[PDB]
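Read the structure below first, then the notes.
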Amino acid sequence: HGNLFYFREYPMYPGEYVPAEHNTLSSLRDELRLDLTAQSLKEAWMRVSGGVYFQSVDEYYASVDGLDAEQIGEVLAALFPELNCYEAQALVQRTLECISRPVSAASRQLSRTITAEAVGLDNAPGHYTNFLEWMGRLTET
Amino acid sequence: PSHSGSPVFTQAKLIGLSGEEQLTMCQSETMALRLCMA
Amino acid sequence: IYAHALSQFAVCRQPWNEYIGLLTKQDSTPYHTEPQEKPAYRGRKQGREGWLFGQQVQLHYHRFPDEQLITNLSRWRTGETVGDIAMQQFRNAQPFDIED
Amino acid sequence: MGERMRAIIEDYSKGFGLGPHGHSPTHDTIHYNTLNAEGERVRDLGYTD
Amino acid sequence: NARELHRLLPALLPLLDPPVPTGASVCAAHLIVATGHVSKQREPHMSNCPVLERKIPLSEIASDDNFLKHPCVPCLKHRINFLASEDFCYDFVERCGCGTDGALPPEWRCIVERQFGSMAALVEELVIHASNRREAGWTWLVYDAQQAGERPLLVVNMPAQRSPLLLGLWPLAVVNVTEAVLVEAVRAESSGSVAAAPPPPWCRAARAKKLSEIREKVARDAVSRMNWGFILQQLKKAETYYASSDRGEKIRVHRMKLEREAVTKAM
Amino acid sequence: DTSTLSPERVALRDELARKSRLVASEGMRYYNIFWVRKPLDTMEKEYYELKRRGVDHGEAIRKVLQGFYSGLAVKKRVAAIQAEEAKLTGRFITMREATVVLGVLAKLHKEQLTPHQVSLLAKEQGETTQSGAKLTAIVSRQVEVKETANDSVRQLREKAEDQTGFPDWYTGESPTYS
Amino acid sequence: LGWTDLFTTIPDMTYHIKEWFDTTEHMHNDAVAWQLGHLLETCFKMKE
Amino acid sequence: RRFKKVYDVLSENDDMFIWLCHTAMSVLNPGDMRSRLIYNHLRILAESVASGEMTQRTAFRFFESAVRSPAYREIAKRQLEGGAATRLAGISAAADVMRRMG
Amino acid sequence: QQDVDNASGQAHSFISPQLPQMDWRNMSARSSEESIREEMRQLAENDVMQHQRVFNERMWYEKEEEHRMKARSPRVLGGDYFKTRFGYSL
Amino acid sequence: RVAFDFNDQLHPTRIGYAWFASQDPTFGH
Amino acid sequence: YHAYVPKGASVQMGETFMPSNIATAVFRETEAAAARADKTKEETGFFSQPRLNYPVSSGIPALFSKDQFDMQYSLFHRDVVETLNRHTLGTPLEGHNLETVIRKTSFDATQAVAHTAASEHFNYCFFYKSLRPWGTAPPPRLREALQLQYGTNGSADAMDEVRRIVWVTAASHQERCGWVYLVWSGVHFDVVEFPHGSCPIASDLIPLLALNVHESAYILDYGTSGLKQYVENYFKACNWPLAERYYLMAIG
Amino acid sequence: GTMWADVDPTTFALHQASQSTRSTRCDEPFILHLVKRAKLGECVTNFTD
Ligand SMILES: [Zn+2]
């Protein structure tokens, strides 16, 4: 069905703007975007896989009924000889985290902590990024 | 609530619910049904 | 008369107001927004009300350039907001200037 | 008792002199050991000859 | 690398069925084309490969005669491909860097002006391609017949060791942008001439480095000095090879083989 | 709360941001990064320089926007060069293979595959990748047409061999080994 | 040449100085030294 | 009654949280919270509020009228265009004061 | 019913094993100056202020109606001239 | 008004920049 | 005076005579350095160089010389950071941490220009993090953990096996441009050769040690043939406790 | 071969002991103390009883 009544677009509020380089009018008959972005991947998934969506990779695995990351990484490594097993698993995880919300795992938290420690300090006048990362790590305990 | 020291007697009139100043919706289908039943 | 040799150097004062106005600002919005009317002191018995509809506060949606990041700090760390739109476009949204 | 003990402990444990940045440890503008930066430096360096 | 290539050739010789004879002066380009990208169904990886299990580094496979007796096919092919590609890049850049001849042939001027309009556009394209790269390798100005209608010759930024022959393009010019050359350029920039300004009579004495700029400078100098005569000779050889009929006959017979195989597999 | 911007400055920056959303959003994005240079500030500085040079409002705005677009074009050209260089290596993926990955995921989802089924799928897909045929033939049942072939590494090898089958086709001053 | 260490770009600096020293309330040497130092650092020293 | 008692025991300290949130957000330009002068002002006022020696309204007035820097508006003209500062430093200081004070 | 549909058409699905090295021709074509120029022209054209948040049926109907209605259907004057022409201002 | 606050602008002078050449060139009106 | 003296110049407590010409020259150099610092302070980006915990006024003991380490730190890493900032400022990746930048830019051919810069940034940061100036002895817990996999019925055999296999996999990278990472994939330790522009976090791993096998890393002191000696020096001046604590945090 | 100009002896000894290179008295039987470390665990100090 359609809509109860049809109105024009709402006026733009002050300070409101469509984000740059975002195509607000992109139909499903349009050509696939060459870049690999979240919006492009979601559009491609809708176009080629139907309307199946999942709020998390755990939901996707539950729907697939007992297939982990390695069983698809083997297929992806078979597809692309250059990618090793680790790179194939990384590709699967990246595609899943781009289609849906990112996964929250102990390995991911440790990787974030390791890279935060590797970066260390910064040139921000008030250590802005340092405070942001400290708050982010503090809100996960 | 009491704007300017005076309580609001009714706030439903502002919404328009259960009042004369309602919102028209699906008027084409309502007209079609009315004509068909008439 | 004597300024002929002095004018050869021609050293003059460099701009400063332009530099102040064009240096990086901590609070800069991509689109400038006109600040809303603040409430005024109407009188002894009235008190402090705005002229538009007797409001007690200044109408605003977002006052700071970083409240969206503060609210979505966890999502920012997880990287969920790499290409989000709601935060990107509505961070500095302000109420419409509704007055005659 | 807790307030008095805390004040005495902080007063006894406060530092002085000049640090690596050449300023007093309680300088108005700049700070030292922000978010345990020196702590993690000592953790990642240690003392092993 | 000549010694190791010579001692590794006999192991590869049986694998190359068309160039079977031993000691036939197998040239580097043909060797690279032969030992380029390969599959695994045709040549599965041998069980207990010492290189795979990290018993011996791939660099020193020639050290032991046991590996030379029964070599691992994919690892040996990859090692030979890398060494031959490195030797080809070295000798090709040695040939191209000869700045003795600065003359520009009129035919080269004509083809360049047909492509872009002037040699300034070509040198700018080469400079930007060499300056903006991921890996510090070689940039190849190459020629292909598939786009010969409008874009005969183009520029590619190959990886650190891969050569355009692996994709099937005639090489014309090469620019070296390796990190060793970058470090040598840094050393040259640090070095400076001294005692080159005599003191003028009115002088007081008489009275009494970012990487982008340096890599762009290296690219500019390398493009500036090159034997355009050699590049023209290479292009003429490419044109004659593409215009000859032997390649057409080979393509026709190969396509006939492919369609015969298609019919057989369909049946 | 009193903005330091004069009405003329407000109008100028609003006009610039309305003409180009890239310059306005580039500095801020999700949150105002106050320790980095602002493209809008640089554009205003260049506009003031043009104004005092002798270029009026519209032409100065057009010239400064065209300069910003030239810089962006340089950046995108560098990005394209790096993209080609990386994708030549084979370990980088674009949309043409992201769609393949999404199709594989869709196949795994819409029909449920056991571990044995997915392992067999992986083995057969690896076989088709390594030894994929070219010019596939379709019978009328008689009449066969050689078309509809997917990419493969052996196809890459044969196209590198100039569709001749002989690795010896380049004869231009190649170094020899004994 | 290092003759002066104070360079101010703030307009009507005299009024701001008057207001600052009216707001300050003490007379000890350390207090007045701190007040003068803070004024110099935040208005005259070319920190940023 | 047990749940009422638990709620009271849990929310006995909500007044200081309200005051700290008001100081963090309502104050448009508190300055640089990292600066020890402003940090000491905030810490002293928060301690007074927690002890009850000063009411929240007067503590907020003290915080917003405390001495920060001469020519404060002129200096803020350099940094803040609209007079609104980033809240990360304010939230960090408001967390640090309560972390230090027991 | 599924058997009927399969008889009508085909219940077959397959995967195409695409390789990344094959599109180097597309990459070389995009790396050209002309391709970058036209892409940047499109970018500049779409960078203007856009008031269309999402697809709107009203907007689509209006533009299609205008399209169908269309289907059914020296020296520039100077500022001094405009100043001296008082009536043109009115 | 004949009473002025500390943080309020006074009455502007009516003129009915040309004369600010000697001052900062970027200083507006 | 720390804020006034430039980074390159040093403060000498001792007093010596200075000729007028060289004093004027050093004053002019200081003025030029101040102008350069003012120029660079306005082009700074989101990502900056990491701070070095250990002093580098001299070359890293037993591993690097002063000039070579200064080159490696202030030329290639600086260019990588500059490119990363330039290609991330415009893109929606701006304002996000390096971890999510790498994760969302990995396996993207179009954004590979930023992905390689981010990966090299992380690799250089980890390489600086995992270098004790005089070296560290392997901790007993980590050596016991490595004896399970790499050790083969020998005392202290695991460390020798790891030092051999790291050199083996480094020499297996004939391209002479990349990294060697001792990582913990989640089930067991392993050594991975990462080509230029590849990141362990992008590959979803937990790094323990990083080794730079770039040709420019050992071109000066070790030439083109001192790769084995460079690896031996790296292992004699490595930093094991960082890997120990990362592995322990991975285990839980 | 020390990167530090000076380290205070108490913290140096603490770091050395944390390295576990310190030779324990091991007066208790080795097997029994080892199984107590392994099965019971190092979290004995958590339980104050
Ligand atoms: Zn092998």
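Labeling convention for the structure tokens: chains A, B, ... as they appear, residues from 1 per chain, ligands from 1 in order of appearance.
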
Neighbour list for region 156-158 of chain F as a PyMOL selection string, cut-off 8 Å, only C-alpha atoms, skip fewer than 4 positions in-chain: (chain E and resi 36-38+166-167) or (chain F and resi 151-152+162-165) or (chain I and resi 22)

Test item: residues no farther than 12 Å from ligand 1, counting only C-alpha atoms and all ligand atoms, as a PyMOL selection string: (chain E and resi 40+43-58+61+67+70-79) or (chain K and resi 172)

Neighbours of chain H in chain C at 9 Å, counting only C-alpha atoms, as a list in words: residues 20, 21, 23, 24, 25, 26, 27, 28, 35, 63, 64, 65, 66, 67 and 70 of chain C

Residue hits in chain D, query chain H, radius 12 Å, only C-alpha atoms, as a list in words: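 Close to chain H, chain D has residues 2, 3, 6, 7, 10, 25, 26, 27, 28, 29, 30, 31, 32, 34 and 35 of chain D.
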
Expected answer as a PyMOL selection string: chain K residues within 12 Å of chain D, only C-alpha atoms: chain K and resi 1-4+51-55+126+128-139+237-246

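Remark: for residue 54 (chain C), the closest of the candidate residues B:4, B:21, B:28, B:15 is B:4 (distances computed over only C-alpha atoms).
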
Long-range neighbours of residue 22 (chain L) as a PyMOL selection string, 12 Å cut-off, only C-alpha atoms, 6 positions minimum in chain: (chain K and resi 140) or (chain L and resi 13-16)

Selected residues written out with N, CA, C and O atoms, as an mmCIF file, in the first residue's frame:
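The resulting file, result-v6.cif, is reproduced below:
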data_model
loop_
_atom_site.group_PDB
_atom_site.id
_atom_site.type_symbol
_atom_site.label_atom_id
_atom_site.label_comp_id
_atom_site.auth_asym_id
_atom_site.auth_seq_id
_atom_site.Cartn_x
_atom_site.Cartn_y
_atom_site.Cartn_z
ATOM 1 N N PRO K 140 59.685 -15.854 31.741
ATOM 2 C CA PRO K 140 59.478 -17.305 31.880
ATOM 3 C C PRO K 140 58.114 -17.776 31.408
ATOM 4 O O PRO K 140 58.012 -18.855 30.815
ATOM 5 N N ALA L 13 64.299 -3.364 42.662
ATOM 6 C CA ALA L 13 64.109 -4.682 43.258
ATOM 7 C C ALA L 13 62.687 -5.182 43.049
ATOM 8 O O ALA L 13 62.474 -6.376 42.812
ATOM 9 N N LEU L 14 61.699 -4.288 43.146
ATOM 10 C CA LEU L 14 60.319 -4.691 42.903
ATOM 11 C C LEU L 14 60.134 -5.198 41.479
ATOM 12 O O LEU L 14 59.487 -6.228 41.257
ATOM 13 N N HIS L 15 60.701 -4.489 40.501
ATOM 14 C CA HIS L 15 60.597 -4.933 39.114
ATOM 15 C C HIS L 15 61.321 -6.258 38.905
ATOM 16 O O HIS L 15 60.817 -7.150 38.212
ATOM 17 N N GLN L 16 62.504 -6.411 39.509
ATOM 18 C CA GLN L 16 63.243 -7.661 39.369
ATOM 19 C C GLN L 16 62.466 -8.831 39.964
ATOM 20 O O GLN L 16 62.447 -9.927 39.393
#

At most 12 Å to chain K: residues in chain I, only C-alpha atoms, as number ranges by chain: I: 20-21, 23-24, 27, 30-31

Minimum-distance residue to chain I, chosen among A:140, A:82, A:71, A:61 (using only C-alpha atoms):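 Ranking A:140, A:82, A:71, A:61 by distance to chain I, first place goes to A:82.
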
Exercise: region 12-28 of chain J partners within 12 Å, only C-alpha atoms, chain neighbours under 4 positions left out, as number ranges by chain: C: 12-22; F: 5-9, 45, 48-49, 51-52; G: 9; J: 8

Secondary structure check, strand (DSSP E or B) residues of region 25-244 of chain K, as a VMD selection string: chain K and resid 178 to 184 189 to 195 206 to 212

Please build the interface table for chain A against chain E with a cut-off of 12 Å, listing for each qualifying residue the nearest atom pair and the distance in Å to one decimal; count only C-alpha atoms, order rows by chain and increasing number, and write it as JSON lines.
{"residue": "A:78", "atom": "CA", "partner": "E:40", "partner_atom": "CA", "distance": 11.0}
{"residue": "A:80", "atom": "CA", "partner": "E:39", "partner_atom": "CA", "distance": 11.9}
{"residue": "A:81", "atom": "CA", "partner": "E:39", "partner_atom": "CA", "distance": 9.2}
{"residue": "A:82", "atom": "CA", "partner": "E:37", "partner_atom": "CA", "distance": 11.1}

Write the residues of the preceding selection, restricted to C-alpha atoms, as a PDB file, in the first residue's frame.
ATOM      1  CA  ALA A  78      39.246 -20.527  -2.687  1.00  0.00           C
ATOM      2  CA  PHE A  80      40.768 -15.339  -4.130  1.00  0.00           C
ATOM      3  CA  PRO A  81      44.093 -17.242  -4.133  1.00  0.00           C
ATOM      4  CA  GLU A  82      46.047 -14.175  -2.985  1.00  0.00           C
TER       5      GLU A  82
END

Length of the CA of residue 222 (chain E) to CA of residue 175 (chain E) vector [Å]: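 Atom-to-atom, CA of residue 222 (chain E) to CA of residue 175 (chain E), that is 6.4 Å.
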
All helix (DSSP H, G or I) positions in chain B, as a ChimeraX atom specification: /B:12-15,27-37

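Relative to CA of residue 30 (chain K), CA of residue 56 (chain K) is found at 21.6 Å.
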
Contact residues (chain E, partner chain F, 7 Å, only C-alpha atoms) as a PDB file with C-alpha atoms, in the first residue's frame:
ATOM      1  CA  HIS E   6      72.121 -20.271 -13.908  1.00  0.00           C
ATOM      2  CA  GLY E  23      71.211 -24.620 -22.074  1.00  0.00           C
ATOM      3  CA  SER E  25      70.097 -19.411 -23.597  1.00  0.00           C
ATOM      4  CA  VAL E  26      66.606 -18.932 -22.175  1.00  0.00           C
ATOM      5  CA  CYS E  27      66.096 -15.176 -22.093  1.00  0.00           C
ATOM      6  CA  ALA E  28      64.789 -13.412 -19.003  1.00  0.00           C
ATOM      7  CA  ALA E  29      61.538 -12.180 -20.566  1.00  0.00           C
ATOM      8  CA  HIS E  30      60.555 -15.603 -21.904  1.00  0.00           C
ATOM      9  CA  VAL E  33      56.359 -15.330 -19.002  1.00  0.00           C
ATOM     10  CA  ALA E  34      56.853 -19.072 -18.504  1.00  0.00           C
ATOM     11  CA  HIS E  37      51.178 -16.740 -12.501  1.00  0.00           C
ATOM     12  CA  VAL E  38      50.420 -20.453 -12.122  1.00  0.00           C
ATOM     13  CA  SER E  39      47.596 -22.559 -10.728  1.00  0.00           C
ATOM     14  CA  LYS E  40      47.650 -25.253  -8.043  1.00  0.00           C
ATOM     15  CA  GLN E  41      45.508 -27.989  -9.620  1.00  0.00           C
ATOM     16  CA  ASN E 132      52.595   8.665  -6.235  1.00  0.00           C
ATOM     17  CA  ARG E 133      53.090   4.954  -5.554  1.00  0.00           C
ATOM     18  CA  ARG E 134      52.395   2.419  -2.830  1.00  0.00           C
ATOM     19  CA  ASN E 157      52.677   1.399 -11.620  1.00  0.00           C
ATOM     20  CA  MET E 158      53.653  -2.243 -11.222  1.00  0.00           C
ATOM     21  CA  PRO E 159      54.352  -3.776  -7.794  1.00  0.00           C
ATOM     22  CA  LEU E 165      54.792  -9.205 -19.232  1.00  0.00           C
ATOM     23  CA  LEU E 166      52.785 -10.921 -16.484  1.00  0.00           C
ATOM     24  CA  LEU E 167      49.756  -8.990 -17.780  1.00  0.00           C
ATOM     25  CA  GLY E 168      50.825  -9.070 -21.436  1.00  0.00           C
ATOM     26  CA  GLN E 234      61.433  -0.844 -28.784  1.00  0.00           C
ATOM     27  CA  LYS E 237      59.855  -3.780 -32.634  1.00  0.00           C
ATOM     28  CA  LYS E 250      49.273 -18.665 -33.404  1.00  0.00           C
ATOM     29  CA  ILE E 251      46.140 -16.938 -32.091  1.00  0.00           C
ATOM     30  CA  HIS E 254      45.122 -21.548 -30.141  1.00  0.00           C
ATOM     31  CA  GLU E 259      36.982 -24.531 -29.263  1.00  0.00           C
ATOM     32  CA  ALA E 262      35.080 -26.868 -25.513  1.00  0.00           C
ATOM     33  CA  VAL E 263      33.311 -29.281 -27.866  1.00  0.00           C
ATOM     34  CA  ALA E 266      30.490 -30.408 -23.826  1.00  0.00           C
TER      35      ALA E 266
END

For residue 15 (chain I), the nearest of the candidates A:121, A:95, A:66, A:48, counting only C-alpha atoms: A:48

With the cut-off set at 8 Å and counting only C-alpha atoms, tabulate each residue of chain K with an atom at most that distance from an atom of chain E, showing the nearest atom pair and its distance in Å to one decimal, ordered by chain and increasing number, as JSON lines.
{"residue": "K:75", "atom": "CA", "partner": "E:211", "partner_atom": "CA", "distance": 5.7}
{"residue": "K:76", "atom": "CA", "partner": "E:211", "partner_atom": "CA", "distance": 6.6}
{"residue": "K:78", "atom": "CA", "partner": "E:210", "partner_atom": "CA", "distance": 7.5}
{"residue": "K:79", "atom": "CA", "partner": "E:211", "partner_atom": "CA", "distance": 5.8}
{"residue": "K:113", "atom": "CA", "partner": "E:134", "partner_atom": "CA", "distance": 7.5}
{"residue": "K:116", "atom": "CA", "partner": "E:134", "partner_atom": "CA", "distance": 7.4}
{"residue": "K:165", "atom": "CA", "partner": "E:54", "partner_atom": "CA", "distance": 6.2}
{"residue": "K:167", "atom": "CA", "partner": "E:57", "partner_atom": "CA", "distance": 8.0}
{"residue": "K:168", "atom": "CA", "partner": "E:57", "partner_atom": "CA", "distance": 4.6}
{"residue": "K:169", "atom": "CA", "partner": "E:57", "partner_atom": "CA", "distance": 6.5}
{"residue": "K:171", "atom": "CA", "partner": "E:57", "partner_atom": "CA", "distance": 5.7}
{"residue": "K:172", "atom": "CA", "partner": "E:58", "partner_atom": "CA", "distance": 4.7}
{"residue": "K:173", "atom": "CA", "partner": "E:58", "partner_atom": "CA", "distance": 7.9}
{"residue": "K:174", "atom": "CA", "partner": "E:59", "partner_atom": "CA", "distance": 6.7}
{"residue": "K:175", "atom": "CA", "partner": "E:160", "partner_atom": "CA", "distance": 6.5}
{"residue": "K:177", "atom": "CA", "partner": "E:135", "partner_atom": "CA", "distance": 7.7}
{"residue": "K:196", "atom": "CA", "partner": "E:135", "partner_atom": "CA", "distance": 6.8}
{"residue": "K:197", "atom": "CA", "partner": "E:134", "partner_atom": "CA", "distance": 7.9}
{"residue": "K:215", "atom": "CA", "partner": "E:179", "partner_atom": "CA", "distance": 6.6}
{"residue": "K:216", "atom": "CA", "partner": "E:179", "partner_atom": "CA", "distance": 5.7}
{"residue": "K:219", "atom": "CA", "partner": "E:180", "partner_atom": "CA", "distance": 6.8}

Two-atom distance - CA of residue 20 (chain L), CA of residue 37 (chain L) (Å): 14.1 Å

Chain A contacts to chain F at 6 Å (only C-alpha atoms) as a ChimeraX atom specification: /A:20,34,49,64,75,78-79,82-83
